[PDB]
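Engineer: Provide a 3D model corresponding to the input given below.
(2 chains, ligands or ions: 4)
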There are 2 protein chains.
Amino acid sequence: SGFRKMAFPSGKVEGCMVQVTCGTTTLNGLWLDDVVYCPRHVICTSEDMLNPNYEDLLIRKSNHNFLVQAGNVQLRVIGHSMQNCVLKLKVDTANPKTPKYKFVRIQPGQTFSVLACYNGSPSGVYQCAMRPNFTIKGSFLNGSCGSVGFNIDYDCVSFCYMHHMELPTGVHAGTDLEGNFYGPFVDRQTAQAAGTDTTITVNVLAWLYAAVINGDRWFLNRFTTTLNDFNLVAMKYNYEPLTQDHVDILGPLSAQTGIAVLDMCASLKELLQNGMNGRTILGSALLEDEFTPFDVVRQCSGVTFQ
Amino acid sequence: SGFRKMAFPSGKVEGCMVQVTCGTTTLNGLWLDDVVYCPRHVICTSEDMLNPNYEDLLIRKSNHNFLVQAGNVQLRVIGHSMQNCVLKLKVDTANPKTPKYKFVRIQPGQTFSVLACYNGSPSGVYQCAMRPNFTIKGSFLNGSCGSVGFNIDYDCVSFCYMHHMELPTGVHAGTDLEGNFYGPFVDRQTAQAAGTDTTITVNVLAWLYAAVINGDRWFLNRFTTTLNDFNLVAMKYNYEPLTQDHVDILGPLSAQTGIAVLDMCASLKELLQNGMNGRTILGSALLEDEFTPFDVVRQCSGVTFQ
Ligand SMILES: *[C@@H]1CC(=O)N(CC)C1=O
Ligand SMILES: *[C@@H]1CC(=O)N(CC)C1=O
Ligand SMILES: *[C@H]1CC(=O)N(CC)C1=O
Ligand SMILES: *[C@H]1CC(=O)N(CC)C1=O
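Structural biologist: Numbering: from 1, shown residues only, chains lettered A, B, ... in the order given. Ligands and ions are numbered 1, 2, ... in the order given. Here you go, the structure:
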């Protein structure tokens, strides 16, 4: 037993990370088959990034202005094109270590692992959640753009995120692997505001179930509320409203622990109004919303991957 | 910027994990060169584990009673021996993916990554700290024994931990790769008590420096204390005493931020007596002691590995 903010094993992703240089700008790219994917602002200079005209900038570039290195092995660029906010560089070699993979656009509240990289080389791995305002609260230094986020399904990698920028507020924004930004952000250096960040209620609930599974039950109370009246309290504290799909997703956690979703909601209700009063839950003095119901089930049953 | 509890990339370790079976007991082993390392309680039955006589049990076993699988590839066991609490199985094949590696016995308070495994297959990765009482607070289910903890130094893996058992209290105990337990635990199913768990003061201090680096400075106060008088407060709250080596290790964090170690100690002093009063620091409502000074420097400068 025990409970940890666990990330997916990163081995299959390490072998896909390359270093992309264009001009004096260097960042990370993702090498699958014979295509290298990277942020298109790699073609920007320091001055260009305030008001970049990407089509006009991309015109001045030819295949040989792009240097791609995979460790010590040089790749040769044969074609290049812009798909939304990512560049696709066709190279002469297919990545031998290309894993079975898929591109996926995740939804707010889902979780994934980030492999933070510099100069094409892997630095560290952490788990995080797509916030409801389509940002992530990550850990990125200069040079980490093109680092990717991913899930693993047995032997299959699902790439869902590419890092593009840090907002003046210290949070992080990026795209899917087709280059569409998550959220209303653009790849230019201007003031851009994220919305109100809210708490992911269904994840908190999944975490309470994890805590019951692991011996923390002090917060269980003898009260039963309704969905309307919980959501009425939820909205007051900047919590995402709970819907029926959310209750359905929690069904197996309900079944394994004998506690109805609505009863768990009533416990959360009380913590929101009264607080935790110094106590802790699974080690934490705050409510935690970076585990999905699937994460809890995976962790508490020991799902593995190739 | 930002700050995350980051783990090391696990790729180099994934390729070393095999599945070891003896009788009906299956667990994980570590395959480096032509030796497989695993917990010796693999040779125990369900009844044996209360009062195991390992030498007498190991006598009834021969090379062919040990089945080692690396994915679908079977390994053949040629020799076998017991070194303290680990078994060493000599196999006929050297692991092709053997990375440059070293065995190391870490000290309490150092951190490392755990690759949690089942049936020889990688499940997930998390960072943790060796507590001062030589336990770790991990996330392990039945079948995870022989999972290992490790650090990476550029292209070199430092194995420091092998998982052996969960205590009746829900915490986790294990050995180095030479089979010596960390702490006074034995590999038998009896009540074993860990000592008092204390907080790792030098790590907390490193984390305060990280927080100053990332914009959290509300806890900075205009007070200066002495080492004796801080330690006198430290011991009252179950904090590890601070020594001069500890102050020396923090020197570069002091230099980069302009804040003297002793001044930071005085800030911590106040949080210990007064609390955080609802506020948070780097996202957390508790003081955090699972980052070493080296972790903070690595994260805040973007150190990478092969
Ligand atoms: C993994 C491998 C693959 O092609 N798929 C299809 C959806 C996977 O899920
Ligand atoms: C990594 C590779 C190796 O043999 N060493 C010696 C200490 C390392 O640090
Ligand atoms: C990485 C991401 C980013 O914004 N830059 C500046 C050009 C990088 O190099
Ligand atoms: C893994 C670790 C442990 O104690 N067991 C029971 C025999 C395992 O199989």
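Engineer: alpha carbons only for contacts and neighbour counts from here, please
Structural biologist: OK.
Engineer: residue contacts, residue A:276?
Structural biologist: Residues near residue A:276 by C-alpha atoms under 8 Å, 6 or more residues apart in numbering or on different chains: A:285, A:286.
Engineer: now it: which helix or strand?
Structural biologist: Using DSSP states H and E, residue A:276 maps to neither a helix nor a strand.
Engineer: quick one: it from chain B, how far?
Structural biologist: 11 Å (C-alpha to the nearest C-alpha, to the nearest Å).
Engineer: and that residue, what are its phi and psi?
Structural biologist: With angles defined as degrees, to the nearest 10, residue A:276 sits at phi -100, psi -10.
Engineer: can you give me the buried ones in stretch A:258-278?
Structural biologist: Under the neighbour-count criterion of 16 or more other C-alpha atoms under 10 Å in any protein chain shown, stretch A:258-278 has A:261, A:262, A:263, A:264, A:265, A:266, A:267, A:268, A:269, A:270, A:272 buried.
Engineer: cool, stretch A:159-178 as well?
Structural biologist: Across stretch A:159-178, burial judged by 16+ other C-alpha under 10 Å covers A:159-167, A:170-178.
Engineer: over to stretch A:138-150?
Structural biologist: Those would be A:138, A:139, A:140, A:141, A:143, A:144, A:145, A:146, A:147, A:148, A:149, A:150, for stretch A:138-150 by 16+ other C-alpha under 10 Å.
Engineer: just to revisit the earlier point, ligand 1: which of the buried residues of stretch A:258-278 is nearest?
Structural biologist: For the buried residues of stretch A:258-278, the residue nearest ligand 1 by C-alpha to the nearest ligand atom is residue A:261; the value is 30.5 Å.
Engineer: wait, that closest one touches residue A:252, no?
Structural biologist: No. Using C-alpha atoms under 8 Å, residue A:261 makes no contact with residue A:252, being 10.3 Å away.
Engineer: and residue A:36, what is it in contact with?
Structural biologist: A:29, A:30, A:87, A:88, A:89, A:90, A:91.
Engineer: quick check, the first one in contact with residue A:119.
Structural biologist: No. With the criterion set as C-alpha under 8 Å, residue A:29 and residue A:119 do not qualify as a contacting pair; they are 9.3 Å apart.
Engineer: neighbour count: those two, which is higher?
Structural biologist: residue A:29 (32 against 23; other C-alpha atoms under 10 Å in any protein chain shown).
Engineer: find the closest residue to ligand 1 in chain A.
Structural biologist: The nearest approach of chain A to ligand 1 comes at residue A:156, 4.0 Å away (C-alpha to the nearest ligand atom).
Engineer: what's the neighbour count on that residue?
Structural biologist: 15.
Engineer: go on, residue A:257?
Structural biologist: Count around residue A:257 with other C-alpha under 10 Å applied: 12.
Engineer: so what does it look like in phi/psi?
Structural biologist: Dihedral angles of residue A:257 (phi, psi; degrees, to the nearest 10) stand at phi -110, psi -10.
Engineer: that one reaches residue A:213, doesn't it?
Structural biologist: Yes. Using C-alpha under 8 Å, residue A:257 is in contact with residue A:213, at 7.2 Å.
Engineer: which residues of the stretch 51-200 of chain A fall in strands?
Structural biologist: For the stretch 51-200 of chain A, applying DSSP state E, counting those that start in this stretch gives strands covering A:66-70, A:73-75, A:77-83, A:86-91, A:101-103, A:111-118, A:121-129, A:148-153, A:156-166, A:172-175.
Engineer: what sits against residue A:69?
Structural biologist: So residue A:69 contacts A:18, A:19, A:20, A:75 (C-alpha under 8 Å, 6+ apart).
Engineer: and these as TSV, adding distance to residue B:282 and neighbour count?
Structural biologist: Output for those, formatted as TSV (distance: C-alpha to C-alpha, whole Å; neighbours: other C-alpha atoms under 10 Å in any protein chain shown):
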residue	distance to residue B:282	neighbour count
A:18	31	28
A:19	31	24
A:20	32	26
A:75	41	20
